[PDB]
Each structure stands twice: as structure tokens, then as C-alpha cells.
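Undergrad: Chains as they are written, first to last, in the deposited numbering: chain A, 885 to 920, 931 to 982; chain B, 443 to 491; chain C, 28 to 72; chain D, 9 to 110; chain E, 437 to 485; chain F, 213 to 313, 319 to 365, 383 to 403, 406 to 450; chain G, 780 to 809; chain H, 51 to 64, 69 to 128, 153 to 197; chain I, 2 to 49; chain J, 244 to 291. The beta-carbon is built from N, C-alpha and C at its ideal position, and this holds for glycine as well.
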Amino acid sequence: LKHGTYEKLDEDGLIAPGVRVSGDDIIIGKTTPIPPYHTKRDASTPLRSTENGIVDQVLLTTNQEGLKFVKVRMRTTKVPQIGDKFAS
Amino acid sequence: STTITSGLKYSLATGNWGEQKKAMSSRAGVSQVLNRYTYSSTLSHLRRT
Amino acid sequence: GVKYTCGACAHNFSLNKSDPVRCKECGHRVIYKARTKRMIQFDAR
Amino acid sequence: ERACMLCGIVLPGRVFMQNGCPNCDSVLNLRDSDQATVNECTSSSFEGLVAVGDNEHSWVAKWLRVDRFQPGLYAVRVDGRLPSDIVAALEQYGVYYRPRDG
Amino acid sequence: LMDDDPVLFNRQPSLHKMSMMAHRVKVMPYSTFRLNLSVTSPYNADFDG
Amino acid sequence: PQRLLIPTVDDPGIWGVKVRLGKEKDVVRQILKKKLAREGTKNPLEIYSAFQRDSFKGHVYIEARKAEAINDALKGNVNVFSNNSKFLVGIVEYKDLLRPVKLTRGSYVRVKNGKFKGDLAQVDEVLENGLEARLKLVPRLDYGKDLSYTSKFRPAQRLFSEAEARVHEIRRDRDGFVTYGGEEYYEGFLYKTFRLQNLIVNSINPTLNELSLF
Amino acid sequence: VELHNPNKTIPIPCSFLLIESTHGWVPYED
Amino acid sequence: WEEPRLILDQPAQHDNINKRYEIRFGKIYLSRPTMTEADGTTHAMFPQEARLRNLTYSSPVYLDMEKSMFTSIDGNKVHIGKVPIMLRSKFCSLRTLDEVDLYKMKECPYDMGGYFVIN
Amino acid sequence: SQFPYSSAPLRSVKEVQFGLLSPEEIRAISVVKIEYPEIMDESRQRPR
Amino acid sequence: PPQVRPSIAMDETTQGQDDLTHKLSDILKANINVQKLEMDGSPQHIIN
DNA sequence: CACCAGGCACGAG
RNA sequence: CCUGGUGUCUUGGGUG
DNA sequence: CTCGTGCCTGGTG
Ligand SMILES: [Mg+2]
Ligand SMILES: [Zn+2]
Ligand SMILES: [Zn+2]
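#1: Looking at ligand 3, does it come within less than 7 Å of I303 (chain F), judged from the CB to the closest heavy atom?
#2: List, in order along the chain, the chain F residues whose C-beta lies closer than 7 Å to that of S53 (chain D)?
#3: Just checking: is the beta-carbon of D46 (chain C) within a distance shorter than 8 Å of some beta-carbon in chain G?
#4: Leaving out five residues before and five after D42 (chain I) in sequence, what residues of the same chain have Cβ atoms less than 6 Å from its Cβ?
#5: According to DSSP, which residues form a beta bridge with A458 (chain E)?
#6: Look up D118 (chain H) in the DSSP assignment and give the residues it is bridged to.
#7: Please report the Cβ distance between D109 (chain D) and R85 (chain D), rounded to the nearest whole angstrom; I am assuming they are in contact, meaning their Cβ atoms lie under 8 Å.
#8: Taking only beta-carbon positions, decide if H802 (chain G) is within less than 8 Å of chain C.
#9: By the 10 Å Cβ neighbour count, where 16 or more other Cβ atoms means buried, how is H97 (chain H) classified, buried or exposed?
#10: Mind listing which residues of the region 935 to 951 of chain A have their C-beta closer than 8 Å to chain G's C-betas, in chain order?
#11: State the beta-bridge partners of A44 (chain D) as determined by DSSP.
#12: Runs of 4 residues minimum, wholly inside the region 229 to 306 of chain F: which ones carry the alpha helix (DSSP H) assignment?
#13: What residues are listed by DSSP as bridge partners for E76 (chain H)?
#14: Buried or exposed for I196 (chain H), please, with buried defined as at least 16 other CB atoms from any protein chain shown within 10 angstroms of its CB.
#15: Taking DSSP as the reference, what is the three-state secondary structure of residue 146 (chain H)?
#16: If we cut at 8 Å on Cβ distances, does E281 (chain J) have a partner in chain A?
#17: Along the chain, where does the alpha helix (DSSP H) that runs through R28 (chain I) open and close?
#18: Is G28 (chain C) close to chain A? Criterion is C-beta to C-beta, closer than 8 Å.
#19: Check the Cβ of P61 (chain H) against every Cβ in chain F and list those closer than 7 Å, keeping chain order.
#20: Looking only at its chain, what residues have a beta carbon closer than 8 Å to the beta carbon of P91 (chain D), apart from the 5 residues adjacent to it on each side?
#21: So, are the CB atoms of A285 (chain F) and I226 (chain F) less than 8 Å apart?
#22: Are the region 55 to 68 of chain C and the region 16 to 24 of chain D touching by the rule of at least three beta carbon pairs closer than 8 Å?
#23: Do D75 (chain D) and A69 (chain D) have their C-beta atoms closer together than 8 Å?
#24: I want to know whether the region 415 to 435 of chain F touches the region 340 to 354 of chain F - three or more CB-CB distances under 8 Å.
#25: Which two residues bound the contiguous alpha helix (DSSP H) that contains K451 (chain B)?
#26: Assuming the contact rule is C-beta atoms closer than 8 Å, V156 (chain H) and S113 (chain H) should be a hit. Round their C-beta distance to whole Å, please.
#27: Can you give the Cα-Cα distance for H802 (chain G) and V949 (chain A), rounded to whole angstroms?
#28: Smallest Cα separation from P974 (chain A): which of E:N472, E:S467, E:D441?
#29: What is the C-beta distance between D909 (chain A) and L941 (chain A), in whole angstroms, given that I count them as a contact (C-beta under 8 Å)?
#30: Quick check on this structure: which residue in E:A458, E:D484, E:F469 has the alpha carbon closest to the alpha carbon of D441 (chain E)?
#31: So, at 7 Å on beta carbons, what are the nonlocal neighbours of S85 (chain H) in its own chain, with the 5 sequence-adjacent residues on each side left out?
#32: Starting from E420 (chain F), trace the alpha helix (DSSP H) in both directions and tell me its first and last residue.
#33: For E55 (chain D), report the span of its beta strand (DSSP E) as first-last.
#34: Using DSSP with H/G/I as helix, E/B as strand and the rest coil, what is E446 (chain F)?
#35: Compare the C-alpha of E36 (chain I) against each of J:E281, J:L280, J:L267 and name the closest.
#36: Just to confirm my understanding: we take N446 (chain E), look at its own chain, exclude 5 residues before and 5 after, and list those with CB closer than 6 Å. What are they?
Rendered as C-alpha cells:
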């Protein structure tokens, strides 16, 4: 398993919008069965270690093959500080 | 009906103009990802040679 | 269990994973998650 | 496509069921038989597709002992052998059976 | 990394030997390197990125 | 006798041509069709035979007298290279091009298909027709655990137990011979019919597990 | 403790927190 | 029409007869971007659904094929595939419906188009 | 420091001699013979 | 040794072999096919 | 990664 | 109750 | 109850 936390996930394997996420935070839980219980390997997608924000939208649908298809849009506010580049 | 569709999808996604097995000696970069950073960027990318 | 929201008729229904991703009213295959039960705060800065 | 166990020609099963063998039906009687006799006389597993063009002045037709038949597709090694009763009937009719399986 | 710590400082490309210089660390806020306005000539650098 | 059919200098030559790998039978059929169509006309394809071997991939041997006949037989063929890559075969190398070439009761063979692919089975009996044979092997069953099989998702190998399947949930035929799930098991060994083309007999190297078990 | 308003984690003494439960925010007696 | 006709020839001798299996290509028909799910239902596809579900905004093409047999003793539309459709074009779904229905389909009026949607 | 203690004396490289590997030396420094190109045989773990 | 040709994993479960591994497998297959020619009938050109 | 042959499950006489 | 694992190759645009 | 046929999968280049 990943070194991040897993308490921010609901019972459907997805995170609800409105919860603040930080670096190394699981947002989409996914497992893969191991071919020959614990016979499963983790295949989740955590957040970037240099990105902290708040989950805004979660889309869940089906692709062309028929399996599940999830998308998580995280929003954040960037405030100009020392180091930002501007141009006339 | 899979050959033509697969070839079109490959040539439009990867940009390699030609067959899949003949990636060498082919013009790459015909199809590019549309830059959606601002309106001016998209307007300049739509008129680029 | 988990509240959902349809993308067309905007119907609030709940599915238990095993149920397919579909709407129980208009049949739209595009749904979204609902707002969490936790309180969202801000520093107003 | 099946291969004859006696002559060695290569023909589909429907050909051996309708008209029989063009070089062995005189003693095998594959035309007036069922599917079991055709399966026991013709094998579906063969190796060595030979296109016999000449039926006399060809050395390939003489080495394969098919220099007295009809042109067509023949097999070098035909898997399986003829049953005991069929071999006995062929010997009683006056035709010696030679295994082509190697 | 505390104060009075000699650390090496460089900037690509490194043309002459003056591109790698040993400087003393001073803990400062924000996330930008604070340099003196006199070593900008050998470094051939500016503050535009 | 076969020794009286040896080739001499009077027999026509045999030329070997390189064809596309996987289209040798198609080339042979096309040459046969051309020879049958040119038979009786004013321009006959002066060829005698055309064949190929499975062990000689990408090679077609055509028997004729001159090279013009071979060039005419290979004219218009899409499965033959356009280059002049044809060679001559000596008279002493004529019978070797027409060489045809076991399975005994009690020998150990290996399966090349099905769920038991790669296991060392024992040949018990062979059918009267001579196509399929009976193989005794170590079963790979689950005793009906996830029932409401492929070679990649197969369980471990183990001897069939006549008592565990009853507790987990069976037709007793003979002493130790039980028909379970449509399969016959004698003394814990599964007896199954397998085709001849799906088994190997030559070059069988037993592993360490087979030496430790058998 | 990683706060919700800013994007940073801070160290805080134990006597400066209030944990939630089934009724309000319970201090160290939780 | 560059390569419209395909002609074959196979002399049969067992009474020789020439049997030519000619195949000619006809008119090309284009349809609207139709989306078909795994259940078999076909509906109207839109660029928003293609961008959300990572679909290909394309349209099927049909070609008329006529088969003829030439025996000398001497009809239905076939789907050839799909072609991608450019946005805001004459074969797109955003050209009609004026501008009132453009807001209901989650399409910005400032989007001039001129690009394809692949996956 | 990161390496475990060993009784072999620690030295430095002073000369790099180049050359070809003889078949006898190759067979001597070898530990196993490779004959079967199949990476996986039974497809049930445990390398063959 | 396998340290020179490491095995990378594509989509977690399925892993991909290095090009050197496939080259060595093809070389071993060719060497095995070579040994299967000096025992049976070989018409010179097939061996070459 | 793409083509070919074999095994499996469904439909009809 | 320690120990700890997500990758090889390209294509197009930018930074100094 | 048994044979014909479409679909899925492993071998091979
Ligand atoms: Mg600068
Ligand atoms: Zn709805
Ligand atoms: Zn015959």
C-alpha cells in the first residue's frame, strides 16, 4: 500500500468534493487482483507531493469498453508572492 | 471498418504521418495538442504553419 | 449510501457500487458526486 | 482437406464423400460408405504438399509411388494407418498396402 | 542547513571557473535564493527567471 | 524396392526458389493451377512437380528441365520474391527432400494445450482409430469452490480426493474409479482423452518437481 | 495538524486542541 | 473513384470457363456523429460527451458496392469505417440549432472550432 | 561506512589492462549453462 | 546477469522484458535450430 | 503488437 | 515490531 | 440428444 492516508475515501472508492487534499493523498482507490485473502495489489493514484488544494468536481461514467471511468478536478488559489514572473 | 479508423486515430493522436509499422522516415508533428491556456494562444495555434 | 447528482435532469439518487452508472429518471450516463458532510471553512484572505 | 491413406491424394472430405477417391475407389468403395469409413481411410493430418503435374516422366511421382495415378495434390507423410479389416480386404482384392506414414 | 555553511552555487551553462562559487548559507523566508548584486556579472544572470 | 527408384542423370533437375514464409502451400497450389491450365495448349508449362517441406520454411522445389519453365511457373506470383533467388539441387540431394520422417503405452509425454498444458502425463491406452490417446495426469481441480477454466488461472496440482469433495458439497463407478464433474479419476489420477497433435513425445526434459514426484 | 484554510502543516501542543465526537467538541476527556 | 473497379480472373479446367468477379465502388454517404454504447442503442453524439467520456467525435461513412459476375465459356451499403468531423463545420452538430441550444449543450459561443476530438 | 565490514584489504586501481576473453576463461567464470530460450515454462512462478 | 537487463513493469501487473533478453532468446532459438540440422536430412542451402 | 488456428458455448434439427 | 515499492522509449511547445 | 457456427484465447512472426 501507499504511504499516504486512506481515511479521505468514502465507501465507493472515490473522494467527495469539498475535502482538502495535500501531498501524497489518495483520492482514487483502485486494486488489481494478483494471479496465482490479500491477493490484491494497490493501483491507486495519489495527489502530487507539491500540490495542495480542495476537490471541486468528481465525474463518474462509463467509457467505450463499458468499464468505469472517473475524473477528479482539484482547485487551488495561487496568490502572487516573491518569485512570480510578470510581463508587460 | 477497423483499419481506416485505427489508422486515422493513430495519425491524429501520435502525429506520425504514415502507417503504424513505418514510423521511420515519416513526417512527425502534423497533429498537435491544442493549447487552451488563453484565447490568444488558441488563436495563434489555429493559424500556425 | 453515497448521494449522487444527475447531469441532465438533476436527480438525487444513491447507488451501491454494484449498480451501474446510470440515471433512474432520464437515463443519463453522466453523474457527479454530492457535497461532503464535513464543514468547509475559509480564512477570507 | 484430407489425405488418402492408400494412394495419397489430398482432397476435401466432401469430395471423398460424394465421388470418393479418384485412384482408390475401385477397391476402397468410399462413395457408397459412411463418414466413419472415410475418416478411417482418409486422414486430415498430412505433411508435404506435392503438386503432381506429370504422371510418368516425373521422378517425384515415382519416388512417392504415385507415378500411375491422376494429377493433383498429394501428401508425402500421411499420419495414421489403415485398419486391419480394410488391409485384409485390400489384400484379398489383390492390392498390397504400403504405409505412407514413414 | 544552518548559518555559516559553505555550499557550492552554480548556474547552467558553466563557461568559466567562476560559475561555481562557495557561499555562506543564510536562512531566509520565502522560496527564492537571495544573492548579492555584485556576483551577477560572473554568473551572467538576471532576475527574469 | 525403394533403392531401385534412385534418381539418375536422366531425371529432370529440381530448382529451389525462396518464397514468402507462410505461403508455400499457396505457391504450390498456384503452380498446380497454372500447370493444369497450360496442359494441352500451344505454350505448356514444361514442369513435372512442385512441392515444399514444413521443415524448410520459405522454400519451394520445382522439378523441370530448364530454368525458363521455372521462370514461367513463377511468373505473376505475388508470394514469390521478385529477385532471381533460385538455386540448383544436386542429384544426391533428391531423396532427402522427400523424407517422411513413436508413442508407446507407458511412456511419459507432455501436454501442449488445455488447462494441463506443461504437465508430465502417462499414456495409458490409445483409441482403436488412432487419433486420440488416454492420459493419466495429476488433476488440477477446486472441488467446486467458486461455482455458481484457462491455463493462466489454473489451481495447483494435487491428487484427487474422494472424501474432500463430499465434505465440500460424485458417482462411484469402480474401486477407486470415480466419475466426478464429468471426468474420470482412478486412484487420484485423472484419465482424460487427448489428441495426438496436442502432445509431444520427442525431446522431453523432466523438471525437478517431476523427479521429486515421479 | 494540517489546517483547512491554509496549505501548511503546523505543530501544536496537546492542550491547544479540541477533538470532535458525538456531541460537540470534546477536549482531553475524550 | 481513383480506384473504382476491382476485377478478378480464374480459369477453371476440370470445359474452360472464365469467371470475372467485378466489384465497383459507388456513392459515398455521410451521416451525423452517432454514438453507440455497449447495449446497442445509438444516439446523437456531442463534443461535450466526447470530451467527458474520452470519445472520438467522428461520423460513419457508407460506400455503395456493386458486384457483377462475368461468365464467358471461351447492392447494399457497406460501412467502411468512421472519419473524424471538425468542430463548427457543415457536418457537425453545433452548426444548426442557432445559438439558443448552444448553451444547453455546454458549448461556449466563443469557441470557433477548427479541431478534432480524439479520445 | 554504508558497506559492511570485510576482511579483504582496501586498495585503489592503478592499471587497466584491456584484452579479449578466452573461451576457457569464459567457461571458468561462468556459473550455469543456458540452453533453453523459454523464460517461463510452467507459468506457475519459480524460475526454471 | 539480469542486473544488466532489468525488467520494467508496464501497467503494474504486466511487465516488459528488455531488448537484450529478446535478442538472447532469438540467439538461443537460432542456436537450437542449428543443432537440429546436422542430424536429419539437410540440403546444404538450409544449413547455410 | 498483429495474424492465424484451436477450444468453448449457443442455436437449430 | 522492526523493514518499505511505480517505471524504460518518443512526439510538439516553452524556461534561463 | 447431436451437429453447425460465432466468440474468446494462446501460439508465432
Ligand atoms: Mg535571464
Ligand atoms: Zn437524470
Ligand atoms: Zn486414394
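TA: Here's the rundown:
#1: Distance from the C-beta of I303 (chain F) to the nearest heavy atom of ligand 3 is not below 7 Å.
#2: Here the neighbours are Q433.
#3: For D46 (chain C), the answer is no, since every Cβ of chain G falls outside 8 Å of its Cβ.
#4: Apart from the 5 residues on each side of it in sequence, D42 (chain I) sits with its Cβ closer than 6 Å to the Cβ of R49 in its chain, given in chain order.
#5: According to DSSP, which records beta bridges pairwise, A458 (chain E) is partnered with E:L444.
#6: Partner(s): H:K155.
#7: The distance from the Cβ of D109 (chain D) to that of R85 (chain D) is about 6 Å, consistent with a contact at the 8 Å cut-off.
#8: For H802 (chain G), the nearest beta carbon of chain C is not closer than 8 Å to its own beta carbon.
#9: Under this definition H97 (chain H) is an exposed residue.
#10: Considering only beta carbons, the part of the region 935 to 951 of chain A lying closer than 8 Å to chain G consists of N946, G947, in chain order.
#11: When beta bridges are read from the DSSP output, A44 (chain D) appears opposite no residue.
#12: Within the region 229 to 306 of chain F, the complete alpha helix (DSSP H) runs of at least 4 residues are 236 to 249, 279 to 285.
#13: Answer is H:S122.
#14: Its Cβ being crowded by 16 or more others within 10 Å, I196 (chain H) is buried.
#15: Since the model of chain H passes from 128 to 153 in one step, residue 146 (chain H) is not part of what is shown.
#16: The C-beta of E281 (chain J) comes no closer than 8 Å to any C-beta of chain A.
#17: DSSP places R28 (chain I) in the uninterrupted alpha helix (DSSP H) bounded by 24 to 30.
#18: Taking 8 Å as the threshold, the shortest C-beta distance from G28 (chain C) to chain A falls below it.
#19: Within chain F, the residues near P61 (chain H) are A249.
#20: In its chain, beyond the 5 residues on either side, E48 have a beta carbon closer than 8 Å to the beta carbon of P91 (chain D).
#21: Between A285 (chain F) and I226 (chain F), the C-beta gap is not smaller than 8 Å, which leaves the two residues out of contact.
#22: Under the 8 Å Cβ criterion, the region 55 to 68 of chain C does not count as touching the region 16 to 24 of chain D, having fewer than three qualifying pairs.
#23: The beta carbons of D75 (chain D) and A69 (chain D) sit closer together than 8 Å.
#24: Yes: the two stretches touch, three or more of their Cβ pairs being nearer than 8 Å.
#25: From DSSP, the alpha helix (DSSP H) with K451 (chain B) extends over 444 to 455.
#26: Actually they do not touch by this definition, with Cβ atoms about 16 Å apart.
#27: When rounded, the distance between both Cα atoms is 27 Å.
#28: The candidate whose alpha carbon is nearest that of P974 (chain A) is E:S467.
#29: Confirmed, Cβ separation roughly 5 Å.
#30: Per the Cα distances, E:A458.
#31: Only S113, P114 meet the Cβ criterion.
#32: No alpha helix (DSSP H) holds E420 (chain F); the beta strand (DSSP E) holding it covers 419 to 422.
#33: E55 (chain D): member of the beta strand (DSSP E) spanning 54 to 60, first to last residue.
#34: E446 (chain F) falls in the helix class under three-state DSSP.
#35: Selected option, being the one with the closest Cα: J:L267.
#36: Closer than 6 Å at the Cβ level, and outside the excluded window around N446 (chain E), lie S455, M456.
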